[PDB]
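Each remark here refers to the structure printed beneath this line.
What is reported rests on the model, the rules as stated and the sources as named; none is laboratory data. Cβ coordinates were reconstructed from backbone atoms using ideal geometry, including for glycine residues, and neighbour counts include every protein chain displayed.
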2 protein chains.
Amino acid sequence: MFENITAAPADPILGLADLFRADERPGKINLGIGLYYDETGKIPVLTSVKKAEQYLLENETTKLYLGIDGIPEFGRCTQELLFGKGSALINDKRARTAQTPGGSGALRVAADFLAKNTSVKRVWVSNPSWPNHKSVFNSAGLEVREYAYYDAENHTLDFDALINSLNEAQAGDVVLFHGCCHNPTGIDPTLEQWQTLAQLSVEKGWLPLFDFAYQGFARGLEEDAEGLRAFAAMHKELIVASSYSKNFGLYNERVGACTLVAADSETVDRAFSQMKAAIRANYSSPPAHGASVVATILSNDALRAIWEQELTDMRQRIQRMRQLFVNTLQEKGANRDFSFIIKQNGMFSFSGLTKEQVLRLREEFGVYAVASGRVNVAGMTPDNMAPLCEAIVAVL
Amino acid sequence: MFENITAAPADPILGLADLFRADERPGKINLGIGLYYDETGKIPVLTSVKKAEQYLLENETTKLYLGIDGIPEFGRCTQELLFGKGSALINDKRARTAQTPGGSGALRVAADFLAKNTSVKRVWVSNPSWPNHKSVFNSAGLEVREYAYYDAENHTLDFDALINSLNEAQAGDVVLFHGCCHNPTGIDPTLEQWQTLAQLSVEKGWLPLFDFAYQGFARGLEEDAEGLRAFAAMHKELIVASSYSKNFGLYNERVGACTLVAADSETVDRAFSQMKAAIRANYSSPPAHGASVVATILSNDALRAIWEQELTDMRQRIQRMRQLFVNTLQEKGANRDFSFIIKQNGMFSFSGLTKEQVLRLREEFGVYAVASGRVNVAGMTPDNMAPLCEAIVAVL
Ligand SMILES: *Cc1c(COP(=O)(O)O)cnc(C)c1O
Ligand SMILES: *Cc1c(COP(=O)(O)O)cnc(C)c1O
Ligand SMILES: O=C(O)CCc1c[nH]c2ccccc12
């Protein structure tokens, strides 16, 4: 039965880490996968998290299945982070959140939900986009179309190009937006552009789907929610796929959420029932650990204060490595002018290196960047900055 | 977009838990969902688990994404528990295991894998079977057919009916077997019926799929693996969906595995790349906690020794409630003879109560039993025995 199975191609991202892990070279650098690293080059557990884990260790008395939609309080806190103190969505009981296994799991969930309960046929994703996006949608039998987004020549958001691209998108079509920290570009619309887009999708009849995996890494918790929030003010309906993988360093515990928003409660409940159904036929209930850690942290004023500060510490550190990257490049005599690098937010940067230069960097210098030339800034450190910056310069 | 969504029908199992919750009646008894309770009526964390958890608390230095297939040690450990210490399967590098989010997610992973990569068009599940089976397979766009299995009249496995209905299973059709502790019947084939079944499927060209969710609750670890192990001895190809939910009390942490078996390494590797592909488009990578907990325990001789004893205590305890159940019934009225109840394995007994009798137990007496008339013996305790058995005599 398996005699003819074809080996699957490799994950452009995931499969890189393997390549990395397997290289016996000494001073290898990893600018591939988006993982936050510290000054010392390690991927640490936040202390707020260790604090929460102790608490759970001490207080948990059962491992009883969670509800299909997960830990209630986790949900509540998620909606508050997403939408705000007074948001109507909340007061109007217009949003239902399901805790899922990662931001990834929430995308699949929304996908299966849409493919089975709606007349959605295609999903519009930006170009470029996070490669996993097409696979997840394709798996649910949905069609993935792309909309222009990035001005490579200028290193910015090509608004009209974007706008002109979407016009081709029909009403009842799903339009996928990155909450903040566009992966892989690092360019996010301005509050006005977001406003625009908002009004626009209202009129075109688009279902907005937000992929929000970096809340807190661009400007801040509350500011990075501005575009969502602008959409949330005009829309009856929307879907939100958030992740706690990055802002809490909980990568492997698979923590994320799927938020559904209908015009009203009677509606959101019905729909949600369909979403829970989709979950039931998938993994059933979500893993409690990571989510319990998150609810604890956001529930508690002390822990929360501590976590928020570690988050602000991670962000500021990336902001710092960015300035450091540009200057060191420059100080090493790079051809090009890399200052656009500073106007980018989040962990990455679209470095503008060719497929061949990234290949070269790897084989030759042991530097691992994604073929898109996407470099993980959060993987840079004052110690590797020099060697990193030289290989780049040697390939330019 | 969500205007016309119809609400779904609640989980025939999960649904009840909700009702249960919502029920204010002081002395409610919950014989629905399969959760192991203790003398005191609580659903506890295993000691070996708390121990492994502290260990992680103190030793983990990163939350770094796991591989798509999860913890290697976990895989190794599961294979050994499945096939046995020195299996050929293991020496010939013929089995690849993926850590999954519960036995559930492992079923969905095998499903999606099958649907997308093999031309399997239908799945044969026993009747009666675990309700969630249909939904998983169906979601993968797979056809669920049923094969005869239980002799309602004499409370047993109807071998002929079994055999006779499988004839209509074409070659290359997937045949789903319960490794042990048949859910919901409690009747499992004898090594000989397994042997025979084995032979048959070879001869008929079926792909065997094992749902192994109760390893260790019937007789013991090794003893419950004799059916599988027999099949692994004749098969070239196999799939195993196993859960650590019940035997480790790790319900909410989502711990299970999906083991693929092929004629050889090359084959298994190729195939498995396809399985990993299906995972990627799903939840990406699995939740570490639970599995880490499982690997820690099974790799450490001491913790392992403590765990096997807790497992053995759980099993023994169920066996006790079993004989006490029948005895109490008798000793309290009961027109029927419930002795068949003692030859049944695992957590539940197929009580032979009707849909209306169960409705009544609930409504009237506050006892929760599935509509199939399936009762969780593990939820029975010396303290609730009496009342339970009395409200049982009241509906006969
Ligand atoms: C990381 C990421 C996700 C989800 O990641 P998880 O680990 O599954 O939470 C989703 N979208 C983008 C753009 C991401 O970078
Ligand atoms: C409980 C159960 C499973 C797996 O449950 P998980 O909690 O997802 O591991 C699989 N099969 C049967 C028959 C079960 O009863
Ligand atoms: O009753 C069972 O089969 C085990 C408990 C149970 C009810 N619904 C479930 C769905 C997934 C996993 C386990 C369960």
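Some observations on this one:
- Some residue of the range B:38-57 being within 16 Å of ligand 2 (Cβ to nearest atom), surrounded by 15 or more Cβ atoms within 10 Å (Cβ to Cβ) and of a type in the set (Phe, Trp, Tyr): no
- For the range B:150-177, a residue qualifies if it is closer than 17 Å to B:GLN199 by Cα and assigned to a strand (DSSP E or B), and the qualifying residues are B:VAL174, B:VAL175, B:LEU176, B:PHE177.
- Number of the condition not met by A:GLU253 [criteria: (1) surrounded by fewer than 24 Cβ atoms within 10 Å (Cβ to Cβ); (2) away from ligand 3 (no atom under 16 Å from the Cβ); (3) of a type in the set (D, E, K, R)]: (1)
- Residues in the range B:74-120 that are charged (D, E, K, R) and more than 22 Å from the chain's Cα centre (by Cα): 5 in all.
- Count - residues of the range A:59-73 that are among the charged types (D, E, K, R), assigned to a loop (DSSP other than H, G, I, E, B) and more than 16 Å from ligand 3 (Cβ to nearest atom): 1
- Test for B:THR62: is it surrounded by fewer than 21 Cβ atoms within 10 Å (Cβ to Cβ) and in the same structural domain as B:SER265 (by CATH): yes
- Residues located in the range B:11-29, provided they are touching a residue at least 40 places away in the same chain (Cβ under 8 Å) and either within 11 Å of ligand 3 (Cβ to nearest atom) or farther than 22 Å from B:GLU364 by Cβ (or both): B:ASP11, B:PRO12, B:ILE13, B:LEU16
- Listing of helices (runs of 4 or more DSSP H) fully contained in the range A:247-340 that carry 3 or more residues being more than 20 Å from A:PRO72 (Cβ to Cβ) and of a type in the set (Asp, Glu): A:301-331
- Taken over the range A:368-385, the criterion of being among the aliphatic types (A, V, I, L, M) and closer than 15 Å to A:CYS181 by Cβ is satisfied by A:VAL375, A:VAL377, A:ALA378.
- Matching residues in the range B:115-132 - criterion: being of a type outside the set (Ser, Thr, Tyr), within 14 Å of ligand 2 (Cβ to nearest atom) and more than 8 Å from chain A (Cβ to nearest Cβ): B:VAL123, B:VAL125, B:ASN127, B:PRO128, B:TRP130, B:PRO131
- The range B:277-289: number of residues that are within 12 Å of B:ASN117 (Cα to Cα) and more than 7 Å from every other protein chain (Cβ to nearest Cβ): 1
- Pick from the range B:208-232, criterion farther than 23 Å from B:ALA295 by Cβ and in contact with a helix residue (DSSP H, G or I) (Cβ under 7 Å, 6 or more places away or on another chain), ranking: nearest to ligand 2 (Cβ to nearest atom): B:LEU209
- Filtering the range B:141-177 to residues that are within 14 Å of another protein chain (Cβ to nearest Cβ) and within 21 Å of B:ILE13 (Cα to Cα) leaves only B:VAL144.
- Residues in the range B:218-241 that are part of a helix (DSSP H, G or I), more than 14 Å from B:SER87 (Cα to Cα) and touching a residue at least 24 places away in the same chain (Cβ under 8 Å): B:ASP224, B:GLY227.
- Members of the range B:301-330 that are farther than 21 Å from B:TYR36 by Cα and either within 14 Å of chain A (Cβ to nearest Cβ) or touching a residue at least 40 places away in the same chain (Cβ under 8 Å) (or both): B:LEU329
- Sole residue being more than 14 Å from chain B (Cβ to nearest Cβ) and more than 16 Å from ligand 3 (Cβ to nearest atom), chosen from A:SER242, A:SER265: A:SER242
- Note on the range A:190-226: residues that are out of contact with any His (no Cβ under 9 Å at 6 or more places or on another chain) and either within 16 Å of ligand 3 (Cβ to nearest atom) or away from chain B (no Cβ under 14 Å) (or both) amount to 23.
- Within the range B:268-290, restricting attention to residues that are under 17 Å from A:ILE5 (Cα atoms) and of a type in the set (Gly, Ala, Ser), the residue that is nearest to ligand 3 (Cβ to nearest atom) is B:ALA278.
One line per residue, one yes/no per condition, for (1) outside the structural domain of A:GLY75 (by CATH); (2) surrounded by fewer than 22 Cβ atoms within 10 Å (Cβ to Cβ); (3) of a type in the set (D, E, K, R); (4) closer than 21 Å to A:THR259 by Cα:
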position: A:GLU143; (1), (2), (3), (4): no, yes, yes, no
position: A:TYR147; (1), (2), (3), (4): no, yes, no, no
position: A:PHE159; (1), (2), (3), (4): no, yes, no, no
position: A:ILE163; (1), (2), (3), (4): no, yes, no, no
position: A:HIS182; (1), (2), (3), (4): no, no, no, yes
position: A:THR196; (1), (2), (3), (4): no, yes, no, no
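- Picking from residues in the range B:65-102 that are in contact (Cβ under 8 Å) with a residue 60 or more places away in the chain and β-branched (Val, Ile, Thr), the one that is surrounded by the fewest Cβ atoms within 10 Å (Cβ to Cβ) is B:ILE71.
- When B:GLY105 is tested against (1) surrounded by 20 or more Cβ atoms within 10 Å (Cβ to Cβ); (2) away from ligand 1 (no atom under 16 Å from the Cβ); (3) outside any loop (DSSP other than H, G, I, E, B); (4) small (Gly, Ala, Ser), exactly one condition is not met: (2).
- Hey, B:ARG76 in a loop (DSSP other than H, G, I, E, B) and more than 16 Å from ligand 3 (Cβ to nearest atom) or not: no
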